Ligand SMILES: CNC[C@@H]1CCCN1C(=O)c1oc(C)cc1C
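One chain comes next, on its own, written as structure tokens: the form solved without this ligand.
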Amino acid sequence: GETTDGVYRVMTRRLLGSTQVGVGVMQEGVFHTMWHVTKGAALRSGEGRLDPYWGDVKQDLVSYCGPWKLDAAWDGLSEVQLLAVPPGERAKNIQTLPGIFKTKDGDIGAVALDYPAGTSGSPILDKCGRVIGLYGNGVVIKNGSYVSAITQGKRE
């Protein structure tokens, strides 16, 4: 149905009313979101249908209609913007400087902004407007607060 480039809300009618379970990015005719949002289930865009194409539970990513297209990366220095799309609230750009997730396989960016679980899949942007990853998969620190990773896929 609607395949215009932009940020989108992922909704469901299975629960009470209309519940927002996540967010995604439409870029180059492919819808990108986090695996824990849809669980690999088919999405609907008005009358049109979006079927999964690629997915991975460890990476926590999933693409619809085609392969993963987002391939920009955080430069390890600059401030970034989380285009937060919270449930029931308007889309909003929040600027921050990312921290680091030090792992056994390497270092990853991390945004320390706390948002509802329905905000999962909201894109993180560089000064050019490029999508450097998605917000929604991270950890809970001693402060109770949420620190999410900057989760990016791979473009073949």
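A residue's number is simply how far along the shown sequence it sits, counting from 1.
Omitted here: the form solved in complex with this ligand. The next part is about that form.
Heavy atoms of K39 reach within 4.5 Å of this ligand in the deposited bound form, making it an interface residue.
Looking at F31, you'd find every heavy atom of it more than 4.5 angstroms from this ligand in the deposited bound form.
Taking this ligand as it sits in the deposited bound form, the stretch 52-86 comes within 4.5 angstroms of it through a non-hydrogen atom at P52, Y53, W54, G55.
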